[PDB]
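Accompanying notes for the structure given below.
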Protein chains: 6
Amino acid sequence: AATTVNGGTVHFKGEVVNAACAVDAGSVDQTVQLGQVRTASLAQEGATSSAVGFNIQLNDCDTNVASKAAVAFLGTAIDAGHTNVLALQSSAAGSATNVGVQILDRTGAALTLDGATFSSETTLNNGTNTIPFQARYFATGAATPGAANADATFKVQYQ
Amino acid sequence: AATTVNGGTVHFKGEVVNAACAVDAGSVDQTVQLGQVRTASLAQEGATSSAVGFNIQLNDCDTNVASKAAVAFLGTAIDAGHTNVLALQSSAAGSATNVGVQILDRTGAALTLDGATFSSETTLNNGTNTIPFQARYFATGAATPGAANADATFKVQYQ
Amino acid sequence: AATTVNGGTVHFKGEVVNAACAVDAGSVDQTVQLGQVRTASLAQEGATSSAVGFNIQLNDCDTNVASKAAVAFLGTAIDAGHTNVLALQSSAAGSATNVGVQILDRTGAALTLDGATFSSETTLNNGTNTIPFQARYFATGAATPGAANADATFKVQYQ
Amino acid sequence: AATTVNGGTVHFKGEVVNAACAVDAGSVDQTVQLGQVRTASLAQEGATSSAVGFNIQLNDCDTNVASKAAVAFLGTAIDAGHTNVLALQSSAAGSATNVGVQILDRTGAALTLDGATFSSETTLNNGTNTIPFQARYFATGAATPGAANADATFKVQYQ
Amino acid sequence: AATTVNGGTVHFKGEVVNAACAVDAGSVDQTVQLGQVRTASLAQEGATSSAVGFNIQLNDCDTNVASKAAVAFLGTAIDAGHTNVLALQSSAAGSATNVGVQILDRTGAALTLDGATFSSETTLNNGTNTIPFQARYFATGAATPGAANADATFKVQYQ
Amino acid sequence: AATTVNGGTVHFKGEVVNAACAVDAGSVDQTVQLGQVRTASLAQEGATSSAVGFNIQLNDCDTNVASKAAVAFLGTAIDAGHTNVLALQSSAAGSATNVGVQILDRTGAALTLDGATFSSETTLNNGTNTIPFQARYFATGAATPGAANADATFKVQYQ
């Protein structure tokens, strides 16, 4: 009485890289919860809210190949005058206006979202590594209620 | 040289609101572990179990705009006669029956899961605020072994 | 050689306030051990047990800004008829029944757990100040064996 | 001026069982921090390390229904001849080699990770209960630097 | 004027039992400082060390319900041939080997750490009672330097 | 009968390193409570509050492979000219402004949070070792009430 049935399907995602380190499986696709923000704290150009931090791990590093590392982000800018601010993208209607998302480097400086400007270097050691990062909102004009979600991709430079 | 490889993706979640307080990032989406409960403690209609507490945190409050707040929950009722009991929803097979989840206010009273009846008001103060809540199982009959998971959403009224 | 290895992570907790005093580090989050109690001493409604003492310590107080302080406690009541009794919350099963936790002021009167009614005032002095408090069990009926854990939050008023 | 705004989502997790006791909400999903271990302490097959303890707590126990309890762990073995040694799993790259984790019973003996061989029985009493356990590393050869995380599941027998 | 500031959190721990006596708050959870021991005194199997005393205090005892009391200890044994010796557990590294902790009854004998074999009975009187105990090291083989932390739990059997 | 039921999941976390010592399980992930601080003590740039101490514990040290150790910290700075000040990150709504966190060394000097500038070396001994550290707030300007949470990571050099 075997009583064999059909179970389903399993999908595997991965990548093979020729580099000194390998990005951790928990950092290739992660979601950061920023939380709600009051419009009273975003009332003029240049106003910023508080910051939320996230990390990127590097496994199996080898210092005999490379000793430094840097991360550069790529995404859609809010306009041509603010090249370091992300643009919100949730749906056709519902997103807020005159607001964006900034990414702060290890030195507290905003990162240009062009995919070529890399962050500050960080010395590595054999084994696991961690590179800190922060995110925050950045008002451009008068903020309005709505949703605020954004996506971005990053690349790593070992040298 | 300077080896560059592809990295991953980062997804940002948030919301902008026009209110006197903002929900904390750790309270927008949280899970509560109720733990196991014996069927012998749920034998007849109206029987309950011990409660488990969870909190909702409000940040950056201002008492010059509003001085009180209330929370109303929304979810699927278990029956037309039990409007204040949630219904279990995990999968198509392998869930308990004749049991539900109740949400208790800070006055020990059950909350109607219609999204309109708000809980008891609580005086706020400038800065961080916390609102207590409790959850417990409610039996509408004879309990049956199985899984017990539920979901609900809340809204905040700043009166 | 050097032989550098990965270490760990350190988390820092704190708060910046605008008031005459500041809560001590050991009083921000503390645990009070009530100890066991016999059901024979809790037989009917209104019965109480012995009290266990705890205190809140204030630091860097200044008498030129404020002169008196008071504390209000917020928590989940046991029912609508007993607003000064805190409800137990440990897990889904294994908690005692028809029993709660009462918090007594330095005057010996139980405080309502609504976050608005403050305790009796106490004159302060420059430097370190401590405010005494007591906790005891309270029975609303025939007590049953089980666990008895509870949590509460407090706010400080500087009048 | 109600000024109602959207909040968030709450997820509830639990289970209903027909047994003499119920597992504590704090023991259905727990993390054990083993800490770092030097490679010099793991040089040949069969070499172990120091132990770290963890507990499983049972609530609302009834002696009439049952008087003894035992558990059995299920997980992925590291090898065909090492069925009592759990295999590490953290990511594709960056994990220690030739080493696993062992789960010791209250009699100091290892446990087969097949989900069928239960541990030594323990007498119960009415109310809460605690069962002790220990975990340690186990070398199957020359150890290699890396990360070491693992997972397992357990079941309870109320004989 | 009326500056209100958020404070902190208070946690209460306790238990309600149906028995003749209740355990004092100072004996529910306590730490015993054994101090350092030279490895020269622990050189072969069966070697012991000097004893360190600790007490378990019972409150509100009644001589009508019960007349005598006894306790049993439950913990992880060091080996299958040594069932009355605890096993050291502090971390994955830096712990002593071939050394365990032995608990002695008021009669001078060592108790088995199975949670079923209770110690010698002790006559009680109305009011407060204390039960003496002693702890010492026990060498299974040749001692090695390291830490010697341990933990255990006890149950009281009124009769 | 047996009446076997389902339990839960156990998560094990650890690391295997090739170094002179190993970090204790209690020091790889710890929380430090700083307590509240008044804005009156943080009014100008360079003003500092009191200090709170914490330790990093090393186990199973060997004095034949290495004799001295050092610790370097990594985190997100608050400004380009304040590389020795850590930035606050709790949420996107409520956090103190112009206030950071400094990490002092056993020499009393602040450490640069770049992950390369190690602290002052300390002589080790065979067995357990402890390295002291202190943390404090640092004001870059006029302080603002809010939360003051922060995180950081460290690495060890066994020179």
Fill in: Output for the stretch F:7-26, where each listed residue is in contact with a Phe, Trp or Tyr (Cβ under 9 Å, 6 or more places away or on another chain) and of a type outside the set (A, V, I, L, M, F, W, C)
F:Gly7, F:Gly8, F:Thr9, F:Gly14
Fill in: Candidate set from the stretch F:90-101 (those that are in contact with a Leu (Cβ under 7 Å, 6 or more places away or on another chain) and not hydrophobic (A, V, I, L, M, F, W, C)); member that is surrounded by the fewest Cβ atoms within 10 Å (Cβ to Cβ)
F:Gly100
Worksheet item: So which of E:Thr123, E:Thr83, E:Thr112, E:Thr128 is of a type in the set (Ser, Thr, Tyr), in contact with a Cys (Cβ under 9 Å, 6 or more places away or on another chain) and over 24 Å from F:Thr128 (Cα atoms)?
Response: E:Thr128
Response to the item:
Conditions (1) touching a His at 6+ places or on another chain (Cβ under 9 Å); (2) closer than 30 Å to C:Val156 by Cβ -> F:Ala43 fails only (1)
Item to complete: Check the stretch D:25-48 and report whether any residue there is hydrophobic (A, V, I, L, M, F, W, C) and closer than 25 Å to B:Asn98 by Cα.
Response: yes
Practice prompt. Being of a type in the set (S, T, N, Q) and in contact with a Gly (Cβ under 9 Å, 6 or more places away or on another chain) is the filter; apply it to the stretch D:28-66 and report the residue that is farthest from F:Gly14 (Cα to Cα).
Written response: D:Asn59
Worksheet item: Any idea which of D:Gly14, D:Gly53, D:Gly35, D:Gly46 is over 16 Å from the mean Cα position of the chain (by Cα) and surrounded by 15 or more Cβ atoms within 10 Å (Cβ to Cβ)?
Response: D:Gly14
Worksheet item: Any chance the stretch C:126-149 includes a residue that's surrounded by fewer than 17 Cβ atoms within 10 Å (Cβ to Cβ), within 14 Å of chain D (Cβ to nearest Cβ) and in a loop (DSSP other than H, G, I, E, B)?
Response: yes
Discussion item. For the structure I just gave you, tell me whether B:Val156 is within 14 Å of chain F (Cβ to nearest Cβ), part of a strand (DSSP E or B) and among the hydrophobic types (A, V, I, L, M, F, W, C).
Written reply: yes
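Okay, residues lined up against (1) within 11 Å of chain D (Cβ to nearest Cβ); (2) within 30 Å of F:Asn6 (Cα to Cα); (3) of a type in the set (D, E, K, R):
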site: B:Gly8; (1), (2), (3): no, no, no
site: B:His11; (1), (2), (3): no, no, no
site: B:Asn18; (1), (2), (3): yes, no, no
site: B:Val23; (1), (2), (3): yes, no, no
site: B:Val28; (1), (2), (3): yes, no, no
site: B:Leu34; (1), (2), (3): yes, yes, no
site: B:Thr39; (1), (2), (3): yes, yes, no
site: B:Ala43; (1), (2), (3): no, yes, no
Worksheet item: Across the stretch C:95-119, which residue is farthest from the other protein chains (Cβ to nearest Cβ) among those that are over 15 Å from the mean Cα position of the chain (by Cα) and of a type in the set (S, T, N, Q)?
Response: C:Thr107
Worksheet item: Among the candidates B:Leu113, B:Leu104, B:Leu124, which residue alone is of a type in the set (A, V, I, L, M) and farther than 23 Å from C:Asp79 by Cβ?
Response: B:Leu124
Discussion item. Being in contact with a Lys or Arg (Cβ under 7 Å, 6 or more places away or on another chain) and polar (S, T, N, Q) narrows it down to one residue among F:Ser49, F:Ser67; which is it?
Written reply: F:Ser49
Discussion item. Suppose we keep only residues that are touching a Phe, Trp or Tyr at 6+ places or on another chain (Cβ under 6 Å) and surrounded by fewer than 24 Cβ atoms within 10 Å (Cβ to Cβ) within the stretch F:102-124. Which one would you say is nearest to F:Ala142 (Cα to Cα)?
Written reply: F:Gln102
Discussion item. Return the residues of the stretch C:73-89 that are among the aliphatic types (A, V, I, L, M), in contact with a strand residue (DSSP E or B) (Cβ under 9 Å, 6 or more places away or on another chain) and facing chain B (nearest Cβ under 9 Å); say none if nothing qualifies.
Written reply: C:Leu74, C:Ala77, C:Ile78, C:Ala87, C:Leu88
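Each value in this text was obtained by applying a stated rule to the coordinates, not by laboratory testing. Every residue, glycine among them, receives a Cβ derived from its backbone with ideal geometry; neighbour counts consider all protein chains shown.
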